[PDB]
Amino acid sequence: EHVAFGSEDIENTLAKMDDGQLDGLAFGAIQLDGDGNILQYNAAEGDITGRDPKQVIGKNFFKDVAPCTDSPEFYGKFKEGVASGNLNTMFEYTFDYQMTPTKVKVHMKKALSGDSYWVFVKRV
Ligand SMILES: *C(=O)/C=C/c1ccc(O)cc1
């Protein structure tokens, strides 16, 4: 159905969803493993960044796809959350690698499932 960016139970709703439903979301959604490998990447995220979802699946988000996120403010918070088991943070960021610099809001949250973490993205 509809689900709003930043919803308190977003991870419960998205646990229900297959690839096609994820492509129906109003915001960008990326699912990562604990090493930052890309497990899912939806159509809305591709609309923001110009990346073909089919070609980024399996690549490492912090090393290869999104080097500008390798920073204490983004990757640093991700690794702290993976280690502590409590990842749930929202912040503003700029995506500027091989693209027009684009201001975004990012929400990172642990999934329901084992060894999975979401990055949600919306333009601001
Ligand atoms: C900075 O390098 C960010 C790059 C980026 C962010 C999000 C994406 O889905 C793809 C590339």
Side-chain angles (χ1 to χ4, degrees):
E1 208 212 29
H2 287 301
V3 48
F5 183 92
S7 291
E8 180 178 322
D9 51 352
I10 188 165
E11 74 271 28
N12 283 51
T13 305
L14 300 212
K16 282 302 190 193
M17 287 207 177
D18 73 335
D19 296 319
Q21 288 171 282
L22 213 74
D23 284 341
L25 297 170
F27 49 87
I30 308 169
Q31 193 182 24
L32 300 181
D33 71 12
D35 273 345
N37 302 308
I38 295 170
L39 311 178
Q40 303 192 81
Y41 189 100
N42 81 340
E45 182 69 9
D47 289 335
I48 301 169
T49 69
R51 270 69 176 182
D52 172 18
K54 323 198 199 243
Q55 298 312 125
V56 298
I57 304 296
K59 300 209 169 291
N60 189 278
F61 186 74
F62 300 107
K63 181 179 172 303
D64 294 314
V65 175
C68 76
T69 70
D70 184 358
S71 71
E73 295 76 20
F74 196 138
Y75 185 29
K77 292 189 173 176
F78 171 84
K79 69 99 186 176
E80 288 155 2
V82 169
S84 69
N86 207 6
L87 182 63
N88 188 9
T89 179
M90 285 186 41
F91 53 92
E92 286 215 353
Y93 214 76
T94 300
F95 293 167
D96 62 358
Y97 180 62
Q98 302 178 341
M99 61 187 277
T100 311
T102 300
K103 309 182 262 73
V104 295
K105 183 177 288 200
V106 179
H107 180 200
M108 281 201 293
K109 197 173 189 184
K110 189 201 187 297
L112 272 190
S113 67
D115 190 2
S116 170
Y117 309 90
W118 293 102
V119 178
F120 304 121
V121 178
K122 188 130 194 137
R123 284 179 189 266
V124 296

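Each residue takes its place number in the sequence, starting with 1.
Under a cut-off of 6.0 angstrom, the local environment of OH in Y75 is sparse, with at most 12 non-hydrogen atoms contributed by other residues, nucleotides or ligands. With a 6.0 Å radius and a threshold of 12 heavy atoms from other residues, nucleotides or ligands, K77 has its NZ atom above the threshold. Applying the 6.0 Å contact sphere to NZ of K109 captures more than 12 heavy atoms from other residues, nucleotides or ligands.
Each of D19, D47, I30, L22 was compared with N42 under the side chain to side chain contact (heavy atoms under 4.5 Å, CB included) criterion, and only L22 meets it.
Side-chain contact between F91 and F74 is present, with heavy atoms from C-beta onward closer than 4.5 Å. Considering only heavy atoms from C-beta on, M90 comes within 4.5 Å of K105 through its side chain. Residues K16 and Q21 have side chains not in contact (no heavy-atom distance under 4.5 Å, counting atoms from C-beta outward). A heavy-atom distance below 4.5 Å is found between the side chains of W118 and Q40. With a 4.5 Å cut-off on side-chain heavy atoms, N60 and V65 do not count as touching. Inter-residue side-chain proximity for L14 and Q31 is flagged as unmet; no heavy-atom pair is nearer than 4.5 Å.
Side-chain heavy atoms closer than 4.5 Å link hydrophobic residues (I, L, V, M, F, W, Y) into clusters, and following such links, possibly through other members, connects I38 to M108. Residues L25 and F5 fall within the same hydrophobic cluster, defined by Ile, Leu, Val, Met, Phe, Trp and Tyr side chains chained together at heavy-atom separations under 4.5 Å. Follow the hydrophobic side-chain contacts under 4.5 Å out from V56 and you reach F95 in the same cluster.
Once rounded to the nearest 0.5 Å, the distance linking CG of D64 with OH of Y97 reads 8.5 Å. Between atom CG of residue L87 and atom NE2 of residue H107 there is a gap of 8.0 Å, rounded to the nearest 0.5 Å. Distance CZ/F61 to CG/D35: 14.5 Å, rounded to 0.5 Å. Atom SG of residue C68 and atom CD of residue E73 lie 11.5 Å apart, to the nearest 0.5 angstrom. Taking OG of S7 as the start and CZ of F120 as the end, the distance is 9.5 Å to the nearest 0.5 Å.
Judged by distance alone, with hydrogens and angles left aside, the side-chain atoms of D115 form a donor-acceptor pair with the main-chain N or O of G34 at under 3.5 Å. Without hydrogens or angle criteria, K110 side chain to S113 main chain gives a donor-acceptor distance under 3.5 Å.
Among all heavy-atom pairs drawn from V121 and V119, the shortest one is CG2-CG1, 4.1 Å. Between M17 and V3, the shortest heavy-atom distance links the atoms CE-CG1, 4.3 Å. In terms of heavy-atom proximity, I57 sits nearest to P53 at CG1-O, 3.1 Å. Residues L32 and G36 approach most closely at CD2-O, 3.7 Å, considering heavy atoms.
You'll find the ring centres of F62 and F78 inside the 6.0 Å limit.
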